[PDB]
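The chain that follows stands alone, in the form deposited in one PDB entry, written as C-alpha coordinates.
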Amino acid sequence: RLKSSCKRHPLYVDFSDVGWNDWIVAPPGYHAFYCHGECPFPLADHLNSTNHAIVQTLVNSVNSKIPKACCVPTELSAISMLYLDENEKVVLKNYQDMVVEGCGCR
(Lines give C-alpha, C1' and ligand atoms only; values in the text may rest on other atoms or scores of the structure.)
Protein backbone atom coordinates (compact mmCIF):
# COMPACT_ATOMS: atom_id res chain seq x y z
CA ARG A 1 0.00 0.00 0.00
CA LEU A 2 2.07 2.92 -1.34
CA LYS A 3 2.22 4.56 -4.78
CA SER A 4 2.24 7.74 -6.93
CA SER A 5 -0.51 10.38 -7.27
CA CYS A 6 -4.13 9.80 -6.17
CA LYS A 7 -5.92 7.59 -8.67
CA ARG A 8 -8.59 4.93 -9.13
CA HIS A 9 -7.64 1.27 -8.82
CA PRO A 10 -9.56 -1.83 -9.95
CA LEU A 11 -11.40 -3.88 -7.35
CA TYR A 12 -13.99 -6.56 -7.90
CA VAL A 13 -15.96 -7.50 -4.84
CA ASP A 14 -17.33 -10.98 -4.42
CA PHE A 15 -20.19 -10.97 -1.91
CA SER A 16 -19.30 -14.51 -0.83
CA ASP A 17 -15.80 -13.50 0.27
CA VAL A 18 -17.16 -10.74 2.48
CA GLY A 19 -20.02 -12.94 3.62
CA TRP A 20 -22.89 -11.03 2.03
CA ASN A 21 -24.15 -13.60 -0.46
CA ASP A 22 -26.32 -14.76 2.41
CA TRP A 23 -28.62 -11.74 2.09
CA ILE A 24 -27.74 -10.44 -1.38
CA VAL A 25 -29.39 -12.54 -4.05
CA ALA A 26 -27.88 -10.63 -6.98
CA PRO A 27 -25.51 -9.67 -8.34
CA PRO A 28 -22.90 -12.12 -7.04
CA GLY A 29 -20.40 -9.30 -6.82
CA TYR A 30 -19.35 -6.12 -8.56
CA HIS A 31 -16.63 -3.84 -9.85
CA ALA A 32 -16.36 -1.31 -7.06
CA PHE A 33 -12.82 0.05 -7.59
CA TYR A 34 -11.11 2.08 -4.87
CA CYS A 35 -8.91 5.12 -4.42
CA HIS A 36 -5.30 5.36 -3.31
CA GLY A 37 -2.23 7.45 -3.98
CA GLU A 38 -0.50 10.36 -2.28
CA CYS A 39 -1.91 13.90 -2.54
CA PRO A 40 1.25 15.91 -3.49
CA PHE A 41 2.00 19.46 -2.39
CA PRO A 42 2.56 20.93 -5.87
CA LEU A 43 -1.16 20.04 -6.30
CA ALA A 44 -1.72 18.18 -9.58
CA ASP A 45 -4.29 20.00 -11.74
CA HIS A 46 -6.16 17.01 -13.18
CA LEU A 47 -6.51 15.85 -9.57
CA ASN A 48 -9.19 17.75 -7.67
CA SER A 49 -8.85 19.11 -4.14
CA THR A 50 -11.28 21.03 -1.93
CA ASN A 51 -10.05 24.36 -0.59
CA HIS A 52 -9.43 22.65 2.72
CA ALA A 53 -7.38 19.90 1.06
CA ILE A 54 -5.24 22.61 -0.53
CA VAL A 55 -4.79 24.47 2.74
CA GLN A 56 -3.85 21.24 4.51
CA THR A 57 -1.52 20.15 1.73
CA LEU A 58 0.34 23.45 2.08
CA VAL A 59 0.49 23.32 5.89
CA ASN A 60 1.85 19.79 5.60
CA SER A 61 4.76 21.01 3.47
CA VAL A 62 5.71 23.48 6.20
CA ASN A 63 4.86 21.15 9.07
CA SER A 64 4.63 17.37 8.95
CA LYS A 65 2.81 16.77 12.23
CA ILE A 66 -0.25 17.51 10.13
CA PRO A 67 -1.33 14.77 7.63
CA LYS A 68 -1.54 15.30 3.89
CA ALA A 69 -4.96 15.41 2.20
CA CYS A 70 -6.29 11.90 1.75
CA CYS A 71 -7.11 10.20 -1.55
CA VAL A 72 -10.78 9.34 -1.34
CA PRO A 73 -13.60 8.80 -3.88
CA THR A 74 -15.09 12.06 -5.12
CA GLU A 75 -17.49 10.72 -7.74
CA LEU A 76 -19.63 7.64 -7.16
CA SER A 77 -22.47 5.77 -8.82
CA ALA A 78 -25.10 3.22 -7.85
CA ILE A 79 -25.87 -0.39 -8.63
CA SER A 80 -28.97 -2.53 -8.26
CA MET A 81 -29.14 -5.37 -5.81
CA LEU A 82 -31.79 -7.96 -5.33
CA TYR A 83 -31.72 -8.99 -1.68
CA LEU A 84 -33.84 -10.24 1.21
CA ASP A 85 -34.57 -7.90 4.12
CA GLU A 86 -34.76 -9.10 7.73
CA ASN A 87 -38.24 -10.50 7.01
CA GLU A 88 -37.21 -12.58 4.01
CA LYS A 89 -38.95 -10.23 1.57
CA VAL A 90 -37.36 -10.01 -1.86
CA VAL A 91 -36.29 -6.43 -2.48
CA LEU A 92 -34.85 -4.84 -5.62
CA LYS A 93 -33.11 -1.69 -4.40
CA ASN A 94 -30.83 0.79 -6.16
CA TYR A 95 -27.89 1.31 -3.78
CA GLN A 96 -26.10 4.68 -4.01
CA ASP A 97 -22.39 5.36 -3.50
CA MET A 98 -21.41 1.81 -4.40
CA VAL A 99 -19.05 2.37 -7.32
CA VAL A 100 -16.04 4.68 -7.41
CA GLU A 101 -16.18 6.73 -10.60
CA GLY A 102 -13.63 9.38 -9.65
CA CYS A 103 -10.97 9.95 -7.01
CA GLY A 104 -9.69 13.05 -5.29
CA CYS A 105 -7.93 14.68 -2.40
CA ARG A 106 -9.93 15.74 0.61
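Rigid core (definition): largest C-alpha set, two forms, superposition within 1.5 Å. Residue numbers here begin at 1 and follow the sequence given.
Separately, the form deposited in another entry exists; it is not shown, and the next lines address it.
Peer 1: With both forms fitted on the core, give yes or no for whether the Cα of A26 moves by 2 angstroms or more between this form and the one not shown.
Peer 2: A26 C-alpha, core-superposed: shift of 2 Å or more.
Peer 1: Does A44 show a Cα shift reaching 2 Å between this form and the one not shown after rigid-core superposition?
Peer 2: The answer is yes, as the C-alpha of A44 shifts between this form and the one not shown by 2 Å or more after core alignment.
Peer 1: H9: after superposing the rigid core, is there a C-alpha shift of 2 Å or more between this form and the one not shown?
Peer 2: Shift of 2 Å or more: no.
Peer 1: With a change of at least 3 Å, which way does the C-alpha separation between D85 and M98 go in that other deposited form: closer or farther?
Peer 2: Here the pair is closer than in that other deposited form; there, farther apart.
Peer 1: Hey, the CA atoms of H9 and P42 end up closer or farther in that other deposited form than in the shown form, with the change being 3 Å or more?
Peer 2: Relative to the shown form, the pair is closer.
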